[PDB]
Each structure stands twice: as C-alpha cells, then as structure tokens.
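Enquirer: Take this structure, written in structure tokens, and hold onto it; I'll ask about it next.
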Amino acid sequence: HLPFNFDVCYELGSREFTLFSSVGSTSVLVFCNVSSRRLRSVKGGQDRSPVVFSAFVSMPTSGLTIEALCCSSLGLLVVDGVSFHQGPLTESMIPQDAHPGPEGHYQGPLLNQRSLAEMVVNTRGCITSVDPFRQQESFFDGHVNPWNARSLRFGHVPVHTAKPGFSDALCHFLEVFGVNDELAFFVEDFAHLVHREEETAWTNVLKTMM
Amino acid sequence: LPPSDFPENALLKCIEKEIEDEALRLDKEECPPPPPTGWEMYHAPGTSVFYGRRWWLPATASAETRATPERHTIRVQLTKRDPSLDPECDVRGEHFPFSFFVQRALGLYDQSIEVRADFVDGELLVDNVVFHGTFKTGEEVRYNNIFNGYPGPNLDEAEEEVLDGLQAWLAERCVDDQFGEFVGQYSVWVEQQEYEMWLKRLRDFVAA
Amino acid sequence: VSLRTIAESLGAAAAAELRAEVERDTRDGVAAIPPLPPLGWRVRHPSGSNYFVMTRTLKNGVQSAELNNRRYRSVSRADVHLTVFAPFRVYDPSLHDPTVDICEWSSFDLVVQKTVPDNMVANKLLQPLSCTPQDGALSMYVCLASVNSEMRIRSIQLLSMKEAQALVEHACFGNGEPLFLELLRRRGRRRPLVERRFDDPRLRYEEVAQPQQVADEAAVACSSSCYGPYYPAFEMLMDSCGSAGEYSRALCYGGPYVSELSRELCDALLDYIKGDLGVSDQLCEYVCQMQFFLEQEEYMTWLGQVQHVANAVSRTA
Amino acid sequence: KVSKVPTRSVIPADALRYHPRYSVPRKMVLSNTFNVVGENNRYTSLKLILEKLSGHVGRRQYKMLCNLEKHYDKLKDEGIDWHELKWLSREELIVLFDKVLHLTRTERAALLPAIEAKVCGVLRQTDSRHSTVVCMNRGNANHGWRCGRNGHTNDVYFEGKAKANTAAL
Amino acid sequence: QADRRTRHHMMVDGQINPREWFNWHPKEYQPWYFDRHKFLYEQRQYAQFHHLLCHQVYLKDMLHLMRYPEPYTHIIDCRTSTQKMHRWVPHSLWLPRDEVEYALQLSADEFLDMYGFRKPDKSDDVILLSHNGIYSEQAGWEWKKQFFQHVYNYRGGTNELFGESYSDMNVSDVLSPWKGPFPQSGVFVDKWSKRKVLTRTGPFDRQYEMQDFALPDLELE
Amino acid sequence: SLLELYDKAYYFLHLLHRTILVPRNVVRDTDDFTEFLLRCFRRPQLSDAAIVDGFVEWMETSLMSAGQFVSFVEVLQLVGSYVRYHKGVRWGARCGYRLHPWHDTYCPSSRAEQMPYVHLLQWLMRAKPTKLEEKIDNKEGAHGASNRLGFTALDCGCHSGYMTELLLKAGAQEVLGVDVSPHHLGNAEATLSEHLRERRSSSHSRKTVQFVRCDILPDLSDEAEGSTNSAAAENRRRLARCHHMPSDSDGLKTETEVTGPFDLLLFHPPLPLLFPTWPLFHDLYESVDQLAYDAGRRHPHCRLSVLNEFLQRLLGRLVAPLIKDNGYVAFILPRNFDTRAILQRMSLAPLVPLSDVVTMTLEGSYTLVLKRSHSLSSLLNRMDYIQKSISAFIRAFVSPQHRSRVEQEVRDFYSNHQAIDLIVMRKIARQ
Ligand SMILES: [Zn+2]
C-alpha cells in the first residue's frame, strides 16, 4: 500500500525516509526519523517508542510553510503541533543529515491532549529521568535525548492547549493536503521496514568485522 | 580587600579559603594515575574531555601474509548533573561513560568502529556499537552520519551470536573490567584538576 | 469544492479564537499590561521567536547595584555587563515522575562579562586583567533555573577564548573536536526578526540602541583581539539559542556539581548573584512571568497565521 | 553486636509505595453482581476507562478537555465491549469512529493511547467493596489482550470471579 | 482561551511520603445550596451585608411613579458610563455612582452647584437605578452610610424598563495566570507549613477549607 | 583625533566581516571571482585551471571554523595569502632568499621590521659585532680545554619557520619549535623541508629538528643495605613476569627529540598593527600580498600576561632549569602591546611603562648584554600600499578640516611611540 503521489527516498545506513508530494504550486514533504532503540508493534499490544514524523506543507500563495508534528499510532494519525515558517521549503528547514531546521521559533500550542492521556495508561514517556544532563550524554538524538528533540518541543509543554472544536478544523484542513490517516498507515509500516533492514545490515557488517 | 572598594568580600575571602584547603589536603595525588601499557593520555586544560590513544597489532593466522596495525582511541566526556533538581530528585548514580574507537591502517569518524561502554558499580556495561564510514556487509553500507548515525540495537535485545562474538572481540582488545576502573580513576583526577583551575579562574573574574 | 468550505471554516474559527483571546485579557477596554522588568533591565523579544534577551550594565562595577546603594538617610573597577537569555522551556517533572515535588521548572541562562574602561587609575597595571577582551575575554556563564519560584543554580562555567581555541585546534591529540568542527561548518544565519522592546519604564525612552552598542563593543574588541581567528568559534560557544551552543558549552568543564560544594561557597555564590550581581529572585520571578506573557503574545500571532493561511487557500481554490 | 538493616540493591518502584501501617493492604473480594458476566456487567470496565480519560490528570490535576463519557451510551447500545474494542482491526475502527461514534479528531487522539496499549479491562480488587481500579497493563494477543498476569487469562472480566462464558454472552 | 495552565504551585500529595504536619490541613469545601443563580449581593460572600441590602422597588412601582409622581420621592439614576445610556427614565436625576461618596458630603448649596438639582432630605424617599442593579446597590450602600432613612433599589433598572441588554461591567478581580500569588514567593512561614498550605486535595477549580488543627481519630482503630 | 578614527575603522572592518558575506564555494556560485583571481595571478608560469584548483585547495585547508557563507574581506585575505604563498617573502643578503608562508602566519615583509632579525643574525654569526659583549656558551667549553660544534636552541612562538631558519643559518644543533597552532608548525616544517632541499646550512655536523605543539613554554621533564638489591631483584622478576621488560633500550625517538637545557632561548611575539589594510581600493588586482601584510599579527602570545608567565618561568621541585648555565635569552618585542592604549596616552592617564622596563626590573639575576631599540618603524613611509591604506582610512572617515593634523598624529606615533626592541640577557651561575 502507498498513497497516490508520494515518492520514497531511503538509503541504507541512515534511519530516515522522506516522502515528497507536489500538487499545483504547493509542495508536501514528510520526513521521518526511525528509532533505533525499540518501536511499538503494529498490533500495539505488547523501550516501545512511538513512530513520530514531521510533515511540511508549503503553500507559496500564502507565503508560509506549515510544519506538522504528527504521531502515527495503530496506523491512524494524530497531530501534536503546527508551526509556521517564512517562505517556501528551504533545504535547511528539514532535519535531514542531523542538521536541524530553524531554531528559536514559536513551536505552537497543544492541539490534542495525547501526552496527558498516556499517563493515565501509565505508558512510559519520552522523558526517562528528571535530570536533563543525564539524558544529554546521547546528544543529537531525538528518541533518547528529548531535551534537544525538535519533535518533542525540547521538553517544553506549552501554555495553551487548543480548543477541540477549533483544532478539529485544523486537522481537517491538513487532511486535504495528504496528511490523512492513509499516509500514517504507510509511515507506520515503512518505519517497521527500515528498522528491520537497518538491524540486518548492522548485524552482517558486524559479522565480517569479527 | 577594602570593603569600600570591594563589595564582594564574602566571596573573595571564601574562594581564597577554598584554594588552600583544596591544596593543603593530603588525600589528593600530584601525579596522574598510571595508565595501562601503550595508552597515552591527552587532555586540553580548558575542556572536560580527555583522550586515550594506543597502537595495536591483532592475532593473524598463518594463511594471511600481513597483520595490519590498528588504532585504539579512548574518548571520555565528563558526567554532568543538575543540582537544581535536588533535594527533590534522587541522587544521580556515579557512572563513567566513554567511547572506544578502532581504526585499521585520518580522523575519529572515518572508517572507524565505535563502541560505547558504561563503567558502573565496578563493571563495564557495553551499550552500542556505532559504525562510521563505508563498511562491507555479508554490498557496501555507508554510515556517514556522525551525530544521528544508526547506533545499532541495544545489546539486551540483540542476538546471541552477536553478543559472544563481540565480547571475544572485546576481551582480545584488552577492554574489560580492570580497564574501566582506570577510566573511573583518571576522570576523577581530571575533574579534580579542572576544579582547582575553575577556582583559580573564578577569583580572577570576581576580583576584577 | 470541499477545499473552499474547509478553509473558510478554519479561517472563521481562527478569527473567532483570536477575538475570544483578546477579550479574556482585556480589562475595561485597556489591554493586558506586560509584567515590569526590574531596574535597569532592557528586554528585547523578537517577533515569532521562542526567547527574549534582557541586558543590564552596572557602571563602576558591583558597588552601583540596587542592593548596595539603598541606605538609611535623614539622620575604580571595571564595568559589569549582564545578559539573561530566557527561552520558553518550562515544564513540570511531577508528571513523568510523581515522586518529585516540583510544580514548575524553568531554565534560563545568565551571561556576565566585564569591560575595563579608560577612567580607572588605581589598579591599572598591577596585574593583567583577565576579564578584558584583549586578554582572554573571560566570561561567566551561569545556567540558572526556577524551581517553584525559587532560583537554583544549574552550572557556573568560565569561558574564555582559550578553550574556544582549544576546541577548534587541539581538543584531540593533534586536531580539534570532530563534532565541534563540523557544527561550525554548518552555521547559517537566521532571518532578521523585528524585536519588541519591553524595557524597564525608566530606561524605555532614554536610550534605545544601548544593548546593541554593548554587543558590538565587545564583538569589535574580541574579533580584533589577541585571539583573532577563534572568535567565530567563540560566537558559537556563547550562542545561547539552539543545540549547537549547548553541545559546545558541554565540551568545556561545566563547573563543579554545586550540591557537592561547601555550604560556605554555596551561600557566597548566591550572595554574589542575587545581592551583588543583581540577578535576583525578583528577576527570577519576572522571567517566569515574561515566559508566560510572551507565550500568550505568540499564541495570538499563531492564531493570526492560521487565519492568514486559511484565507489564502479559500480565495485560491 | 550491631545488626545491619536488610535492604536490597535492586528494588522495584512499586515497593516505594506508602501504607499507613507499612504493611500489605487488604484486598476485598468484589460484590455479588460481578459473579456472572452479563450485559449489566460487561461495560463497567469501559465506563471507568472513559471516566479516567476525561477527568483530571496528574499531580497538578490537568483537566482533560475532551469528554469521552458522552460516547459511552452509544458504545454499549451497539453491544460492543472494551475487550471487544481491542479485538477490532484498524479498518473496523475507522468504521466505528466515523460512522457510529462520530469521534472528532481530538477525541480520537485522547482515546487512542488506551487502544494502542491494549489496556486489560479487568477490575482489580481493592480495600473497599466498590472498586474503581482497572489493570493498566498492556495486553497480549495470546491471552486475549488481558496481559496474562495475576490471573487475567483470556476471559477474566473481574479479578476473583469466573470467566466470560461466551456461549451465553 | 485554549485552557491556559495557571502559574500557581498548588499540588496534590504523592503516593510515597506519609501525611504529616497536621496543624494545617486542606479539605474539600462544599456548601449546602448553590448561590451562582442569585443576585450578586445576595450570594454567600455578601451575607454579612444582608441587613444593608436596600428594599426593592419593582417594575409596577416604577411605572406607577412614571405615571403619578410624588414631589419628594426622588428617582435617581446611578449609571456612570455616558456612552451606554440612550434613554431617559422619567422624573430621574443623574447622580453617577463613582461620585456618590463625595456627593453626599456636600452641603445643599454645594450639591445644587455641583449637580444642578437640590439635595434630597434625609426623610425623603430615594429610589436608585442602574443597568443590572449593581451600581445602584453600591450607591444605596453609600446612601445608607449617610443617615438616609428611606433608600430603595430597582434591581435591573434600565434593562427591564427600556428592555436593553447591558451591564455595569464589574471586573471581580481575578489574578492573571502569569501573576504568581503570595505564598509561593516568600519566607513568611516555615517550610513545613509552607508545603502544607500550598497542598490541596483534588482539582484547583473548587473551594477548599483550611484546618488549623487536627487530632487523630483513635476510636476508629 | 586618531582614537575615534581607530574605533570607527575597526567597527567598520567588523561590519565588513559581518554584512557582505558570500557563500562557501565561491568558484562555483560567484561568476565574477574566477576571472578576478586569474587577474590577480596574471598580474605578477602556471596554467589557469591549476591556479583554480590550487585556490580551491587553499581555501579548503586554510579556512577553519567557517560555515556555508564566507566574509568577502576574508576571501580577499585568502587571495592575498595565496599570492604571498606562491610569491614568497624575500629575506635580504648579509643570505637573501625567498620563503613561502601559509595563510595566517607572521613574517616581517618590510626591511624596517627585519632589521632587528638581521642585527640578531649578525650578533649570532659574529659577522661584524660592534656591540657590548659577544656571546659564547658551549664553544667556550671547547676553547677552555668553535663554531663547528654548534649549540642547542629554543624557539618560542615560531611562525612560518623564519626564525628556525635563522637559527639553522647561524649554526645550531637542536632547535625546538614551540607554537600554539599546529597550522603554523606544519608551515614551519614545510619551510624546514625546503631549507634542507636548498642545500644551505651545510651538514658537516648532524642537526635534528623537533617541532612540538604546546603553550608558551613546554613542560615534559617530569615523568613521575641488601634490601635495595632485593627490591631490584623483585622488580626485575616482576618486570619479566608481567612482560613489561623492554627487549630493546635504544629509544631513537628519545635521541632525535630536543631536550633541555638550552643556551640560546629566544622569544618573539608578532608586532601589533595600528590600522588594518584597506580592502576597498580600485587596484586590488595589482597588489594583494600587501593586503595580506597584516596576516599573523593576531596570535595568543602577544600579551603582557604571556610575557609575565614567560619571565616567571625563566626566573623560577626545580629539576628542569630550562636554560643552560650563563645561557642567553633573546627576545624581540615592541614598546607595548595594545596600541589603543598607546593612542589613549597621546595628547590625563599615567605614563605606561615599556616592556623593556618589565624585563629589566623582573630579572635582577640576569644581566643585559644587548639593548637596541629599532625605532625605524616610522622609516617605512614609502609610496607603497600601507601609506595608501592609511591615507584611504584618513580620507574616508575623517572630516576635511581635521585631516592633516591627524595625519601628523600618525607620523609621530610611529616615530616616538612605537619601536622594535631586541634585547638579549645572560644567566648568572649558582653559588
Ligand atoms: Zn491485567
């Protein structure tokens, strides 16, 4: 399964795959960084990090670019944050090759209370320990160091958690650009495909070394 | 230190006290702890990273004509902890993380096998084996990402043939529990020498 | 046909949310007054940003601070330049770990530099001044935090051009750090954001370009200093906004872990920063207020940009 | 002689819990209504999970904005259970959320962590007779998403009571 | 909007430490009856001023005094905002609320000079109006502060007479969620009492009661 | 006056380095730069594409710590450094040759700047020594019992290997190059390799050169009855048992290294400059090496604190003396660093002492031998690029009514307030 107009780009050795779309003058770019530690099962039931990706919706008629922090769970899609950047999709805006996008900008309000609903389930969060310097030993990594992760808001929980009726309109607004649940079912299945091919290539390289 | 000219007499006299009792104590050693054989220890005076370096020659069978020499490199970053979360958060456990590079025969992150180990409670805990550069599989798999490179799975979940072959590869390289004890000893001496330099550099800043 | 009614429903809701946001903070017609900074502080907040920088210059050293000047009536040294970088990073650790009794943890960094003027005569050449940008450019980087409106020190770092030269040239055996050299190889400038001036009221109309003049006074004096080509390495070292500057300051010492210091040094360091240097609990509580106010100001521009995007789609489709 | 106090090197964080007598708390058996699994008994685990997902969360008591309690009546009118909700596939959840439930995109986002983890809807025993404790462990497909621990084996609706008896219901 | 988290440091006690230091103790406060539906000065926090409440004149009394006025029953408008008044209540005089505490301090000649109408005698009937009856209630309290024996209030004056939908715009001062309150920032009390006052049992939107003492219930177990 | 011109000119150069920056690959992106660098190289026997790839490699190995965008004045300084490398600095005859320096390296390119080095070479080789005392250190140990046996030397702050070449030309056995940057040491090693390939400084006696990277001064001299014989036997059995017994004790790296003490110990910080070069002329393609004349003058050695720590190390476990008995320390330094402070005291502030006064009053044990102030820094004054640069700086930023007096304020500053002092001192033996 694959969405309608999306080209995949995945080179072996990097835990990243990037999806690109273009309709009219608008360009849609989906970037994902697959976790190396452990990712959750596609059935969901039974350290189990969620599949978090980003979606860049560029519209030159508006003059702004929409960055959508999205989390794919059970094939479906939730959207955690939406931020706006100036101009079109510059190459520096995408966190490929471990160089981040724009720094020191407003991240956006909470569109959904998914992170507060996980603590009722007692699901383990991204923040492992309270000490930020404890998790800064594995620096420049989003999954084990949340204090410098762009997708986890650099550990900051914002003031405003957006109104449900307002932000339901924002999630419907992004679904017309290809940020529907059909993309998140593919990103969930392709992150499990990258996690097997990265672990198999790392093993067979390690066999020839020793 | 006249109090009319210098309003910071509570700090400048306290830091002059802390210079002497950090030098008048007899528990400290003037000499660095002696490293194991081959290892050369570099440390820049301003930073908190000290480097180890040795050359090595493996055991090569008689069917092969030549044994290529290796390049072992140790990289240790000093551990940071946040005192603002105390006494609320618990006491963070003292552990000594370090990196062990292996390069066959010129930098640190080109054609190098990198293995990360943790010395905690008197033993080594090997965490990840990170590759850098183009390696052979079985095709060529390139790991050209130095910050967000694929570090491999954690060895608690890895396959059993990967584990015992790695520890036989690590015990042959003389990386074991006695080597990690020296990294726990050398980083204490490095942090002690940085602290007396930090007290010396702070007295020049406050009194100015 | 569905793209027009979706983009018009969002643009009407964002206009309804921006309308309902202003009337909440408005009291009897006049809008919400921002919290006032302490005496002498000049806050600059760039538009569309996550941070705000405030400066303070104590002339003739520490003795002209606020606490050292109040006395009972009716009965020289080098100048100090303060800089408090404050990002919007505020969280509570009692959600992830319920054993920790912390309601609010807000991090903000303090950069204090010193500058020798030409008017001091008493102690000019008795020793080489290490705080001078001509001699080392020694500067103290105090990482601070606010734990339930109580200022706690995270780290005290002493950074000069020496350890900026050490990281770029000889941090390894014969080379620099391979990640610090690569992070300087990818340094693109940010687009110019128009800053807003939430200054102290008494210094709001006296001088406007004073934090810009002291930022270019040191940048001229450090780039043409005894250490010339290592100033781009020192700019990224003292850059408080981003992850490249946090990794660069982590390659340095990072200070002693403060709870292991003596109790006499812990109270004398707090007496220096709060009492002598002026970076007080009033300033610490103001930063927690100004991180809340300017987050509210950035939510309204976010609501203005949802409406601006949704109106540009509906007029196109 | 000075005897040392017997401690442990590695202790689980559950042992750090507080009891006013520093002892094991009482586990009272559930009421007689839970003896047979029926239509009155089926959806009490679904009701408490939707009650916790809408109430206040954390030490700061963060109120959940989306009220998931309004969808409890239409879920039990269809005859679907919390244990039967975990058996639905991905395609059967999009049909259930959009057509029947009319779950909005933020109400779907607050319910999905409860479905992603496959929480076992087993009423745990407690010190009182009326129990509001549901086992929050992640379920496995071999034991019917019941997490297979403390006697929750593939039909156990309530701790201390009989199985489901699917021939009746 | 959008559910702003508040910068107060109130917190519920954890699951590890024992409950200690019982010379302050928060519990949940639930009164008997709801008071939010009532008039603003008929609520719970204004019960001590219950005898200060002016007697009510109603709509039919106001229409009867419109048709058949009396020479010494003074109808007085207490509305302050001139941009929000559009019609004239008949036989009314303008005495805005925020000046009333000065206006009754004048003499009769100074009242005539500063308002253009004669000062009412202390035995004359005074009837006050406002938009909702709130400014008129505070003005009636100021009129009863001076020795005025007959002071009456028409609750919902303009909004029931002219059928308008206005309000006196009372702020009812509530701290902004960036303003951190007193007991978090301060060393006014010891650390145990500071930790035990700042704790609460449940969500922080409801009301709580602070106990100054507690004894253990030894007779349960 | 000159002080405001100093401040405004350095602020303008900082704004030039901040504002008009161009991308990294200037040959690929900028379409005008290639013909410009070809014009600068065809102004003074190489092909065009070879010069293109050579400047690409020069910007690759030369530019450090720079992002995707490079300052334009830095690109012009890179062009001047490339021109100075492919052209070389000429050292006059007494020994006239050419030297090839790297990008940011200090070489005295004017004769007034080379006169203290030429006079020190004259005092070393004893060509025509008309000064107070002539030096003799270990050749006096042979004459008590000549120049053919040589001596060992120490070089503090070696830049591009010109002073190491001056030590090799005057006759020396072991010289130890100590500098802060390894780039300067690689440049000095290339200069030493071309010096050995030039067949100067003939090899009747063997000479080994070691370049070490360190701070101001290196420190490597601190490594750490029958019971003594029993402990030696137990030590031998433990070394043979734990396989730490050395099978060979030649140690050729310990022979080819340079080890103290030294009888000639020299120290020369780079001369600080009054005004940087003007990078905005119309004839930049005619002379770019003079635009790179200021290269190398920003080094971590030219300070008063470095001089004070150097003098305190020379004055005082006490195992390493670091200087031979009655050894000669030769230092070439200006009157004072930080020329802004020199302009501040010109016509108030108290009079600033000279570094000669500091070196005299700190070392009461050492006796001065040569004290010569080369005050011919005003004697440069040609029609060359430095006079055009200072007239452009006085033409752009100074009012026309206050110009020429400020020009006079320049002309006395090089005459009275700046000079190059070469001073040699001699150690006094122990009692
Ligand atoms: Zn269970």
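Keeping their order, the protein sequence lines are chains FV, FK, FH, FG, DT and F4. Under the authors' numbering, the letters of the first sequence match residues 31 to 76, 98 to 261, in that order. Under the authors' numbering, the letters of the second sequence match residues 93 to 197, 237 to 269, 303 to 372, in that order. Under the authors' numbering, the letters of the third sequence match residues 67 to 141, 216 to 457, in that order. Residues in the fourth sequence are numbered from 9 upward in steps of one, following the authors' numbering. Residues in the fifth sequence are numbered from 9 upward in steps of one, following the authors' numbering. Under the authors' numbering, the letters of the sixth sequence match residues 110 to 153, 165 to 214, 223 to 273, 307 to 385, 396 to 487, 511 to 541, 557 to 640, in that order. Ideal Cβ placement from N, Cα and C applies to all residues, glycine included.
Quick check on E188 (chain FV) - is its C-beta less than 8 Å from some C-beta in chain FG?
Expert: It does not: the Cβ of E188 (chain FV) has no partner Cβ on chain FG nearer than 8 Å.
Enquirer: Between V20 (chain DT) and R208 (chain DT), which are expected to be in contact by the criterion C-beta below 8 Å, what is the C-beta distance as a whole number of angstroms?
Expert: Indeed, because the Cβ distance is near 7 Å, the residues count as touching under 8 Å.
Enquirer: Determine, for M19 (chain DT), whether the minimum Cβ-Cβ distance to residues of chain FH falls below 8 Å.
Expert: Yes, contact with chain FH.
Enquirer: Step through the CB atoms of chain DT and report whether any lies within less than 8 Å of the CB of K71 (chain FG).
Expert: Yes, contact with chain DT.
Enquirer: Alpha carbon to alpha carbon, how far is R15 (chain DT) from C243 (chain FH)?
Expert: Distance between the alpha carbons of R15 (chain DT) and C243 (chain FH): 9 Å.
Enquirer: Does any CB atom of chain FH fall closer than 8 Å to the CB of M184 (chain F4)?
Expert: By this cut-off, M184 (chain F4) is an interface position.
Enquirer: Mind checking the region 122-154 of chain FK against chain FH and listing, in chain order, the residues whose C-beta falls within less than 9 Å of any C-beta there?
Expert: Hits within the stretch, in order: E132, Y134, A136, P137, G138, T139, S140, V141, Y143, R145.
Enquirer: Answer yes or no: do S218 (chain FV) and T114 (chain FG) have a C-beta to C-beta separation smaller than 8 Å?
Expert: The answer is yes: Cβ separation under 8 Å.
Enquirer: Taking the DSSP output, what are the residues bridged to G269 (chain FK)?
Expert: Answer is none; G269 (chain FK) lacks a bridge partner.
Enquirer: Quick one: any contact between the region 196-205 of chain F4 and the region 458-471 of chain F4, if contact means 3 or more CB pairs under 8 Å?
Expert: Yes: the two stretches touch, three or more of their Cβ pairs being nearer than 8 Å.
Enquirer: Can a CB atom of chain FH be found closer than 8 Å to the CB of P33 (chain FV)?
Expert: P33 (chain FV) does not count as touching chain FH.
Enquirer: In chain order, what residues have a CB nearer than 5 Å to some heavy atom of ligand 1?
Expert: Matched residues: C128 (chain FG), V130 (chain FG), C143 (chain FG), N145 (chain FG), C155 (chain FG), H160 (chain FG).
Enquirer: Interface residues of chain FG around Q9 (chain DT) at Cβ under 7 Å?
Expert: Near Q9 (chain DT) there are no residues of chain FG at all, since even the closest Cβ is about 11 Å away, more than 7 Å.
Enquirer: Going by the DSSP bridge assignment, what does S134 (chain FV) pair with across the sheet?
Expert: Note: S134 (chain FV) sits in a beta bridge opposite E118 (chain FV).
Enquirer: For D356 (chain FH), tell me which candidate among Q267 (chain FH), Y412 (chain FH), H221 (chain FH) has the shortest Cα-Cα distance.
Expert: Checking every option, the nearest Cα to that of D356 (chain FH) belongs to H221 (chain FH).
Enquirer: What is the C-beta distance between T212 (chain FV) and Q164 (chain FV), in whole angstroms, given that I count them as a contact (C-beta under 8 Å)?
Expert: Right, the Cβ-Cβ distance comes to about 6 Å (below 8 Å), so this counts as a contact.
Enquirer: Kindly indicate the opening and closing residues of the beta strand (DSSP E) around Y225 (chain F4).
Expert: 225-227 is the extent of the beta strand (DSSP E) around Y225 (chain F4).
Enquirer: Residues in its own chain within less than 7 Å of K636 (chain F4) by CB, not counting five upstream and five downstream?
Expert: Excluding residues within five positions, the ones whose Cβ falls inside 7 Å are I517, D519, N520, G521, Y575.
Enquirer: In chain order, what residues of the region 253-268 of chain FK put their CB closer than 8 Å to some CB of chain FV?
Expert: Correct list: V260, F262, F266, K267, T268.
Enquirer: Which partner residues does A226 (chain FH) have in the DSSP bridge list?
Expert: In the DSSP output, where bridge partners are listed per residue, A226 (chain FH) has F118 (chain FH).
Enquirer: Leaving aside the five residues before and after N101 (chain FK) along the sequence, list all residues of the same chain whose C-beta is less than 7 Å from its C-beta, in chain order.
Expert: So the qualifying residues of the chain are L93, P95.
Enquirer: Pick out whichever of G216 (chain FV), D37 (chain FV), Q158 (chain FV), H207 (chain FV) has its Cα sitting closest to the Cα of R116 (chain FG).
Expert: Taking only the C-alpha atoms, the option nearest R116 (chain FG) is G216 (chain FV).
Enquirer: Which runs of the beta strand (DSSP E) fall wholly inside the region 121-181 of chain DT and span at least 3 residues, in chain order?
Expert: Correct list: 133-137, 159-161.
Enquirer: Taking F525 (chain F4) as part of the beta strand (DSSP E), name the residues at either end of that continuous run.
Expert: 522-528 is the extent of the beta strand (DSSP E) around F525 (chain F4).
Enquirer: Using a cut-off of 8 Å between C-beta atoms, extract the partners of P26 (chain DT) located in chain FG.
Expert: By Cβ distance, chain FG contributes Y26, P28.
Enquirer: Just curious, the beta strand (DSSP E) that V336 (chain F4) is in, first and last residue?
Expert: Note, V336 (chain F4): beta strand (DSSP E), 335-340.
Enquirer: Name the residue from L631 (chain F4), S608 (chain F4), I629 (chain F4) whose alpha carbon lies nearest to the alpha carbon of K117 (chain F4).
Expert: For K117 (chain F4), the nearest C-alpha among the options comes from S608 (chain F4).
Enquirer: Just grab the DSSP bridge partners of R113 (chain FG) for me.
Expert: Looking at the DSSP assignment, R113 (chain FG) forms no beta bridge with any residue, so it has no partner.
Enquirer: Taking 6 Å as the limit between beta carbons, can you name the residues of its chain near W29 (chain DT), skipping five residues before and five after?
Expert: Here the set comprises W200, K204.
Enquirer: Would you please state the rounded distance, in angstroms, between the beta carbons of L136 (chain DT) and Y162 (chain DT)? I believe it to be under 8 Å.
Expert: Their Cβ separation, rounded to whole angstroms, is 7 Å, which keeps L136 (chain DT) and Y162 (chain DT) in contact under 8 Å.
Enquirer: Quick check on the DSSP output: the alpha helix (DSSP H) that includes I595 (chain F4) runs from which residue to which?
Expert: Here the alpha helix (DSSP H) through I595 (chain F4) covers 594-605.
Enquirer: Between the alpha carbons of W90 (chain FG) and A10 (chain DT), how many angstroms are there, rounded?
Expert: Rounded to the nearest angstrom, the two C-alpha atoms are 31 Å apart.
Enquirer: Do the CB positions of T568 (chain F4) and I632 (chain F4) come within less than 8 Å of each other?
Expert: Yes, the Cβ-Cβ distance between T568 (chain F4) and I632 (chain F4) is below 8 Å.
Enquirer: Going by C-alpha distance, which of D328 (chain FK), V261 (chain FK), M361 (chain FK) is nearest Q195 (chain FK)?
Expert: Selected option, being the one with the closest Cα: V261 (chain FK).
Enquirer: State whether the region 360-370 of chain FH contacts the region 266-278 of chain FH, with contact taken as three or more CB pairs (one from each stretch) at a distance under 8 Å.
Expert: Yes, the region 360-370 of chain FH touches the region 266-278 of chain FH.
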